[PDB]
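Form deposited in one PDB entry, single chain, as structure tokens, below.
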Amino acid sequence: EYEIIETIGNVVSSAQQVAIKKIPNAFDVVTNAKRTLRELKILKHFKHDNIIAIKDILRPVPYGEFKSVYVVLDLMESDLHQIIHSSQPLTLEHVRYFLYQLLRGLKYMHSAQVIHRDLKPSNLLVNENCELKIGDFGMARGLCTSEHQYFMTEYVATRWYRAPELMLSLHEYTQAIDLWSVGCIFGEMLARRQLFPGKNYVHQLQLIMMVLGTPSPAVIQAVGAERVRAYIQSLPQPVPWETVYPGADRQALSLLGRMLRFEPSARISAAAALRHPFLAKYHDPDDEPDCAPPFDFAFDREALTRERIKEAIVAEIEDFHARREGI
């Protein structure tokens, strides 16, 4: 059926060209197997041009020897990290178009009660024809949660893009998490360099404070871990986005400012971001769908043995083929 050529990320390999992902020893570790089942069900639930899609899943040898899962996707030229940090063009109009598509993908995603929680340029794929697709859904969760990650929210996802609520454990974990990350991504496109490149937990809070200023007392009281509160209080106003990005566009910084706020409830939504004057060029409500029905994460909260999860994953592969080949 397919012929491999070269390995890309590490396992994904190039191979009509396609990308093929090996998930080796998929059923050997509970965490890895649970993540594979979550990704399967999320990607099958979504049908949207700005969200990665599975083209094919290679079938099962006898069942007991079924160890690895191969997943076929359409090959994407690059990702937004490789584009941002290179000699490629990235004018304001590039920034405007890439931001639109991310936000278009998020409106759909957020309407199904799914929070990505791991948006960074490297997870935003871009093909030869400039379609941007959100990938890598292993960190995604709903509004309700059961996991070590219930506590320890400061270890959720990637440090340079992590929202203050996770860092500080503010007990208000919503789709607003992704809009922080978008803010960082947006800022990073405008300057071609990371906005908040923290070295460790403490330096990451510094660098956010050096732009956003001191957080409010009501935010500080909602920090549960007392040791972090003491550090914040030991330090002696916001820096205007104009002086952070000197040559930048006016409409862009307005929108950026509505994303990078300490308080989750103060952040603009994906839907409302798409109504901002900066994205008027591309904004069409009739072409920017919601996702119905919503995604249920109940299956993830179940404490399953590796073998039950294996059975679950194999049923999602069977159902994938039945919905197209059979029916």
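Just count from 1 along the sequence shown to find any residue number. Basically, rigid core = biggest C-alpha set you can superpose within 1.5 Å across the two forms.
Although it is not shown, the form deposited with a partner chain bound is what the next lines describe.
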Spell it out for me: taking its partner chain in the deposited bound form, does every residue among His171, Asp296 and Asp300 have a heavy atom no farther than 4.5 Å from it? no
If you check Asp249, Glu154, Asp79, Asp136 against its partner chain in the deposited bound form, which one has a heavy atom within 4.5 Å? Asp79
Could you work out which of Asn127, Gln221, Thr145, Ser254 is the residue within 4.5 angstroms of its partner chain in the deposited bound form, going by heavy atoms? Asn127
Out of 225-233, 137-145, 92-100, 211-219, where are the residues with a heavy atom within 4.5 Å of its partner chain in the deposited bound form? 92-100
Can any non-hydrogen atom of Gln88 be found within 4.5 angstroms of its partner chain in the deposited bound form? yes
Examine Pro264 and determine whether its closest non-hydrogen atom to its partner chain in the deposited bound form is within 4.5 angstroms. no
How about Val61: is it within 4.5 Å of its partner chain in the deposited bound form, going by heavy atoms? no
Quick one: does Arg258 come within 4.5 Å of its partner chain in the deposited bound form, counting heavy atoms only? no
Comparing between this form and the one not shown on the core: of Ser181, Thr153, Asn123, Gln175, the CA moving 2 angstroms or more sits at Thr153
When the two forms are laid on each other by their rigid core, does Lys281 show a Cα shift of 2 Å or more between this form and the one not shown? no
After a core superposition, would you say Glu302 shifts its C-alpha by at least 2 Å between this form and the one not shown? yes
Which is it in the deposited bound form for the CA atoms of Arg38 and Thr153, closer or farther than here, knowing they shift by 3 Å or more? closer
Can you tell whether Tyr155 sits closer to or farther from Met210 in the deposited bound form than it does here, judged by CA atoms, where the change is 3 Å or more? farther
